[PDB]
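Note sheet for the following structure.
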Amino acid sequence: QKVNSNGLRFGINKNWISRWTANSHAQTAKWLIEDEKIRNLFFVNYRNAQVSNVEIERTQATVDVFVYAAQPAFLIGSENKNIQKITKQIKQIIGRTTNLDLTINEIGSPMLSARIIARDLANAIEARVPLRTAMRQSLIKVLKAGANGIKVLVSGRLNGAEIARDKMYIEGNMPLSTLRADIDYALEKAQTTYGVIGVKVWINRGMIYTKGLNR
Amino acid sequence: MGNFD
Amino acid sequence: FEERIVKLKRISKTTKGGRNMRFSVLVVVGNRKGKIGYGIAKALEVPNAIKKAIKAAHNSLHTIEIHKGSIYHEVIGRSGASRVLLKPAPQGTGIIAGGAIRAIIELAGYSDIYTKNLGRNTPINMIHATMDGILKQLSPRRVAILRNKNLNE
Amino acid sequence: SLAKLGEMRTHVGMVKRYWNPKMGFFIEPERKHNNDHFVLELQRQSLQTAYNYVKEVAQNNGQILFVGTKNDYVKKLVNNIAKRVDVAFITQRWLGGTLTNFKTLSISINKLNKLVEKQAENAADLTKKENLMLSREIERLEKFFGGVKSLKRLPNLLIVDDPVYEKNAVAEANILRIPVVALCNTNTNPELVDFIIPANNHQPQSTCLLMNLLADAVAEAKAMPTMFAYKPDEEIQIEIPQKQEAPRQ
RNA sequence: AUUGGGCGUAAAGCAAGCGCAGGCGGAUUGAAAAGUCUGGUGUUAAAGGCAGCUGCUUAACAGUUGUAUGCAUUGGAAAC
RNA sequence: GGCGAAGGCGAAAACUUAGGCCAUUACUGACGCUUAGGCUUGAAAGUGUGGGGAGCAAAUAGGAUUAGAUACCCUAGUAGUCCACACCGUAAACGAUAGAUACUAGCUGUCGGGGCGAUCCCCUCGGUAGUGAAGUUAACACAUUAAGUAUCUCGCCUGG
RNA sequence: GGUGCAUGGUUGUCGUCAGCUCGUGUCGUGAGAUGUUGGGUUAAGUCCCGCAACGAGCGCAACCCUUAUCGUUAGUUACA
C-alpha cells in the first residue's frame, strides 16, 4: 500500500528518463507511446544484454537513445550485424524522416543497478531454481560489490498453491523514509510455468548529501 | 589449575 | 564430525493477527572418537537454524572413553522422567537402538551396545538421558585410584 | 617478611547469622560477638598463593582485570589502582555479558577508539552542536568502557572485591575456564570462586589494605616498587573514616 | 510394574479413632538345623528345542551323539 | 494464637473425667508398629416422639425488574433453626499429602517446660509458622512438620 | 467468457497509529523470556538514568515542497 520509492524522490533527486517536448498535447502522446515501445523492446526482446535503462531525447524530429547495458557486444552483435537490425526496428517503430544515431555504452559496476539484478532473479526463478538459494547467491554477490543494505521480496506461486507464503529479505541500511537517500528500485515479472512471479529489488547506493538537485 | 602456563 | 540431525519441529508462538511459525531443529555432532555435542536452536528458516544448532553443539563438546568399543558396566539414564537403559553388549552384536539413541551412540564412534527406551520418547529428553548416563559412568582406573586396590583388583 | 598479623585489628566480622554454613571451615567456633572472626594463618597462605599466581600471570605476559561496583570507595579505589598500574578495570555496572560474549563488546570498544581518534584529529571542523553531541557519546563511552579498553582477548585472570554483589561477574567467569580470585566475605559461596581470600569487605580500610597489597604484588612483577607489598611497617596504615559497627540494618 | 509402576494439583491415602487374626520387629550367649548354601546317589520316556555330526544333488528334511530342568533321599556348614 | 485423633472447642462457676509436655540413677524387661475382619466417634441437612419457638429463614403468597422470572431486590411467611430420647453416617470430613522409625545445610520467628536469671536476653527439650542449600519434582513447588535418603504394614489406582 | 477461495501489480482499513523484529549472549529440559522491561520526558520504542543484557534494522524523527520576514540578481506584457 506504500508509495513506490522511485516516484517519491523522482524529479527532485533523480533526473527524468525521457526529456523531450513537442506541440502542446497534439502528438506528445504519440511520442510517449512510441518511445515507451523502444524502452519495452529493449527490456523485453534482448534479455542477454542486461539493459539497465534507456534515455530518450527528442526535439522536433530528432531522437537519440542513450543506453546503459552491462554487455554492449550482444546489442552490437558480431561484425555489427545486430546493431543495424535493432536500429532498423527502432526506425520502423519511429518512422523514416527522423534521424536515430543510437549509442551504446557499458555501465561501470552494473551489479549495483536493481534492474539487472531483478532480471537475473526472474531468469533464475523461471528456470525452476530453488528460490531461497538463488536469493542468497544474488544477495551475497550484490552486497559484496560494496553497496549498502538490500531489500528483495518475492510473491506469487512459490512452487505451488497457497501463495500466502511470501519470502522477504532485508540486509542493512536502506531508508525509504529519507528523501536524500539515493535509492534504486526495479521490478520484473518472472513468468513461471505456474503463473506470474513478481520480483522487487531495493538497492541502497550510498548517501547523496550536498546533491542540491538532480544530476 | 596448578599454574598459568 | 558428521553433524547428523534428528528431528525438526514446527514450533509456533501466537501474536495478534498471525502465527510466528518458526521451526527449529535438533542436531547431534560427533568426532566418532569421543567428542559429542548437541545443538537445539530456533530460527525462521531451515539452513540458518541448522547453522545455529551446529555452532551451539560444536561450541560445547566433551570427551568419553572407549572400553573395547563399548560401555563396560550397567547404567540407567535418569533425566526428566525419561529413562534409557545402556548395557555392555558383547563385541560382535553391533549397534541396536532407536533414532536418537543410534545417532548419539554412533556419533560417539562406539560399537555393540544394548539399549531400550523407558517412559517418554521426546528427542531432547532422550539426548539428555543418554548424555547423563554416558557421563555419570565412572572409569575403572578412576575408581581404582580412589581405592587402595588399584593393582587390577 | 609479608603482612604480619599485627595489622589485623579490625578485618574480621560481618553481619550476624547471615553466613553461608558450608564455608565455616575458615571460621572458628562462634564467640559472643557473633561477627564471624577468621584464622589469620590460613589467610596468610591464601594471600601467598594469590601472590605467587598473580606474579606468575604477570610474568606470563597476560592481561588481568579488576572489578568494583560498591557505591564510592571501592570505585575510587580501583580507579587509584588503575592510575597506579597500567591495566584494565571496571567501575560502573558489570554489563551482564561482558566476558561470556566479547565480539558485541569488542566492536563497541573499537567504535569508542574510532570516535576518540576522530575527536583527536578533528579541529572542530564539524558543527558546534555536532562536536557537542559527539563529545556526549564520548563521555558515555568513557563512563561505561573506561576500564576495559587496553585488551584484545578475554583476560587470563580477574579479581573481585565481593562475589556476592558480583554474582553476574563471578558466574560469567565460571562459565568460561578462566580462574578468578575474590575477597570472600562470610556470606559468599566458596565452591564457585576458584581462589578464596576470606577478608572482610564491609570495612573500607580492610578493602584498601587487601587490594593495595594485591596491586603491589602484581606491580612487583611489573617491575614497579611494591609500596605496600613486602613493606615491613609504617606504610600499610592508610587514612580511614571511623571504621566500626560491622553489623548492618 | 517379582525382575519392572504410582497415590499434593494428571486415575489413585478410607473422615478419624480403639483394635483381634496376620505381616514385620532391639542387643548378647548355646543348642538343635526348617529355611538358607554346598557334596554324593536315584530319578526327571522318546520325539521336539540347542550344538556338533552324518545322509539326502543342498536347504525343506531324515537320522546320530552331547546338552539342560525339578524333585526325593543321603554328608556336611551354621552368617542370617 | 492454644487444645483435640477427626468432626470441633472462646460470658462466669462447681463436680466427674480425658489425654498431653520436661528431667526422670526408679521399676518391668522387647511387653513394639501396622491392622483384613470387629468395635467407637463422626459438620450440616433430614426422620420419629414431647417440649420450646425471640430473631432468622426452605417451601408459599404479594410488590417491583425483565420480553418472560417458577430467580437475583423488597414485604410477609411454614418446616426447620433450640432442648430431652432414638436413627441416618454423608461433606472441597483437605495439608486434596496413611501410619511408624532413623538420617540429611542453614536462617528468621513464635508458644510450652527446665535451669541461669527484673522482662530484655543464653542455652536445653518439644510443639507450631516463615525463609531457604543440596536432593526430589513433568512443572508448580517440597525441603528437618519433605512431596529427600530408605525400611515395615495397611488401603487404593489401571483411558474417557 | 469463468475462477481475486491460483494470482502479479495496484489500492482500502486499523493508521502517520508507535508500534514490529533480528544478531550475539544469558535464563528455562521446552514452547518461551530477558532487548521491547523500571523512572522521568515527549505526538512518537523521542531522549536520557536504572537494568543479564550489548548492539542493529523497518517505522517515528530530519533531509523535499509550500506560506509566513528580511537581504540580494533582474527588470517587462508588470509597477510607476
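Letters A, B, ... go to the chains of the C-alpha cells in the order shown; residues in each chain start at 1; ligands are counted from 1 in the same order.
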*asked:* List the spatial neighbours of residue G:29 as a ChimeraX atom specification - criterion: any atom at most 8 Å away, only C-alpha atoms (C1' of nucleotides), same-chain residues fewer than 2 positions off excluded.
replied: /C:80,124-125,128
*Close residues, stretch 81-93 of chain C itself excluded, 6 Å, only C-alpha atoms (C1' of nucleotides), min 3 positions apart in chain, as a PyMOL selection string*: chain C and resi 71-78+112-120
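Using only C-alpha atoms (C1' of nucleotides), the contacts of residue G:58 at a cut-off of 9 Å, with sequence neighbours closer than 2 positions omitted, comprise residues 175 of chain A; 20 and 21 of chain G.
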Go ahead and save the residues from that selection, with N, CA, C and O atoms (P, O5', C5', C4', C3', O3' and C1' of nucleotides), as a PDB file, in the first residue's frame.
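Once everything was written out, this is selection.pdb:
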ATOM      1  N   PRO A 175      17.018   3.344   3.850  1.00  0.00           N
ATOM      2  CA  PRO A 175      15.991   4.201   4.462  1.00  0.00           C
ATOM      3  C   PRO A 175      14.970   4.806   3.501  1.00  0.00           C
ATOM      4  O   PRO A 175      15.222   5.877   2.945  1.00  0.00           O
TER       5      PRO A 175
ATOM      6  P     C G  20       4.441  -4.468  19.114  1.00  0.00           P
ATOM      7  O5'   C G  20       5.162  -4.917  17.767  1.00  0.00           O
ATOM      8  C5'   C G  20       4.399  -5.215  16.607  1.00  0.00           C
ATOM      9  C4'   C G  20       5.282  -5.583  15.443  1.00  0.00           C
ATOM     10  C3'   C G  20       6.343  -6.637  15.715  1.00  0.00           C
ATOM     11  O3'   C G  20       5.825  -7.957  15.682  1.00  0.00           O
ATOM     12  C1'   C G  20       7.312  -4.829  14.544  1.00  0.00           C
ATOM     13  P     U G  21       6.553  -9.126  16.507  1.00  0.00           P
ATOM     14  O5'   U G  21       7.771  -9.545  15.569  1.00  0.00           O
ATOM     15  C5'   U G  21       9.081  -9.693  16.091  1.00  0.00           C
ATOM     16  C4'   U G  21      10.127  -9.362  15.058  1.00  0.00           C
ATOM     17  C3'   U G  21      11.525  -9.889  15.337  1.00  0.00           C
ATOM     18  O3'   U G  21      11.680 -11.252  14.981  1.00  0.00           O
ATOM     19  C1'   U G  21      11.655  -7.621  14.689  1.00  0.00           C
TER      20        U G  21
END
*asked:* Using only C-alpha atoms (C1' of nucleotides), which protein or nucleic acid residues come within 10 Å of residue B:4? Drop anything in the same chain fewer than 5 positions from it, and give the result as a list in words.
replied: residues 53, 54, 56, 57, 58, 60, 62, 156, 157, 178 and 179 of chain D
With N, CA and C atoms kept, could you save the residues just selected as an mmCIF file, in the first residue's frame?
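Once written, part-v3.cif looks like this:
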data_model
loop_
_atom_site.group_PDB
_atom_site.id
_atom_site.type_symbol
_atom_site.label_atom_id
_atom_site.label_comp_id
_atom_site.auth_asym_id
_atom_site.auth_seq_id
_atom_site.Cartn_x
_atom_site.Cartn_y
_atom_site.Cartn_z
ATOM 1 N N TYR D 53 50.498 -16.687 42.237
ATOM 2 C CA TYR D 53 49.823 -16.900 40.964
ATOM 3 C C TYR D 53 49.726 -15.619 40.143
ATOM 4 N N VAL D 54 49.430 -14.480 40.777
ATOM 5 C CA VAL D 54 49.304 -13.238 40.022
ATOM 6 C C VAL D 54 50.662 -12.797 39.484
ATOM 7 N N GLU D 56 53.054 -14.882 38.637
ATOM 8 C CA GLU D 56 53.280 -15.795 37.520
ATOM 9 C C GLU D 56 52.501 -15.361 36.288
ATOM 10 N N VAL D 57 51.249 -14.938 36.478
ATOM 11 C CA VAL D 57 50.425 -14.489 35.357
ATOM 12 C C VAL D 57 51.015 -13.228 34.737
ATOM 13 N N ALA D 58 51.452 -12.289 35.582
ATOM 14 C CA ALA D 58 52.028 -11.048 35.077
ATOM 15 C C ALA D 58 53.307 -11.311 34.287
ATOM 16 N N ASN D 60 53.844 -14.089 32.877
ATOM 17 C CA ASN D 60 53.356 -14.861 31.739
ATOM 18 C C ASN D 60 52.910 -13.971 30.585
ATOM 19 N N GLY D 62 50.258 -11.738 30.347
ATOM 20 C CA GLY D 62 48.831 -11.745 30.131
ATOM 21 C C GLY D 62 48.177 -10.468 30.641
ATOM 22 N N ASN D 156 43.206 -13.240 31.113
ATOM 23 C CA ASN D 156 43.656 -14.513 31.662
ATOM 24 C C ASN D 156 43.251 -14.681 33.118
ATOM 25 N N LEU D 157 42.899 -13.594 33.800
ATOM 26 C CA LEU D 157 42.551 -13.634 35.211
ATOM 27 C C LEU D 157 41.858 -12.329 35.574
ATOM 28 N N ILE D 178 38.486 -19.496 32.670
ATOM 29 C CA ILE D 178 39.460 -18.586 33.284
ATOM 30 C C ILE D 178 39.305 -18.621 34.803
ATOM 31 N N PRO D 179 40.393 -18.594 35.563
ATOM 32 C CA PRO D 179 40.280 -18.576 37.027
ATOM 33 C C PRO D 179 39.814 -17.220 37.531
#
Could you list the residues in chain F lying within 12 Å of chain C, using only C-alpha atoms (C1' of nucleotides), and format the result as a PDB file with N, CA, C and O atoms (P, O5', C5', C4', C3', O3' and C1' of nucleotides), in the first residue's frame?
ATOM      1  P     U F 136      18.237 -35.510  42.453  1.00  0.00           P
ATOM      2  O5'   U F 136      16.667 -35.640  42.679  1.00  0.00           O
ATOM      3  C5'   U F 136      16.126 -36.732  43.408  1.00  0.00           C
ATOM      4  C4'   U F 136      14.709 -36.458  43.844  1.00  0.00           C
ATOM      5  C3'   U F 136      13.749 -36.035  42.742  1.00  0.00           C
ATOM      6  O3'   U F 136      13.246 -37.132  42.000  1.00  0.00           O
ATOM      7  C1'   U F 136      13.496 -34.605  44.611  1.00  0.00           C
ATOM      8  P     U F 137      12.973 -36.987  40.424  1.00  0.00           P
ATOM      9  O5'   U F 137      11.736 -35.988  40.339  1.00  0.00           O
ATOM     10  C5'   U F 137      10.483 -36.329  40.911  1.00  0.00           C
ATOM     11  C4'   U F 137       9.537 -35.160  40.879  1.00  0.00           C
ATOM     12  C3'   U F 137       9.444 -34.428  39.553  1.00  0.00           C
ATOM     13  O3'   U F 137       8.618 -35.086  38.611  1.00  0.00           O
ATOM     14  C1'   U F 137       9.687 -32.856  41.293  1.00  0.00           C
ATOM     15  P     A F 138       9.259 -35.616  37.238  1.00  0.00           P
ATOM     16  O5'   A F 138       9.665 -34.279  36.476  1.00  0.00           O
ATOM     17  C5'   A F 138       9.850 -34.260  35.070  1.00  0.00           C
ATOM     18  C4'   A F 138       8.880 -33.312  34.410  1.00  0.00           C
ATOM     19  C3'   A F 138       8.569 -32.046  35.198  1.00  0.00           C
ATOM     20  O3'   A F 138       9.535 -31.034  34.980  1.00  0.00           O
ATOM     21  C1'   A F 138       6.556 -33.022  34.393  1.00  0.00           C
ATOM     22  P     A F 139      10.499 -30.548  36.168  1.00  0.00           P
ATOM     23  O5'   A F 139       9.984 -29.077  36.496  1.00  0.00           O
ATOM     24  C5'   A F 139       9.781 -28.126  35.459  1.00  0.00           C
ATOM     25  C4'   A F 139       8.433 -27.462  35.584  1.00  0.00           C
ATOM     26  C3'   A F 139       8.146 -26.807  36.926  1.00  0.00           C
ATOM     27  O3'   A F 139       8.672 -25.491  37.005  1.00  0.00           O
ATOM     28  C1'   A F 139       6.310 -28.159  36.292  1.00  0.00           C
TER      29        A F 139
END
*Could you tell me how far atom CA of residue C:2 lies from atom CA of residue C:29, in Å and to one decimal?*
5.8 Å
*Contacts of residue C:39 within 8 Å, only C-alpha atoms (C1' of nucleotides), excl. fewer than 3 positions in-chain, as a PyMOL selection string*: chain C and resi 26-28+52-58
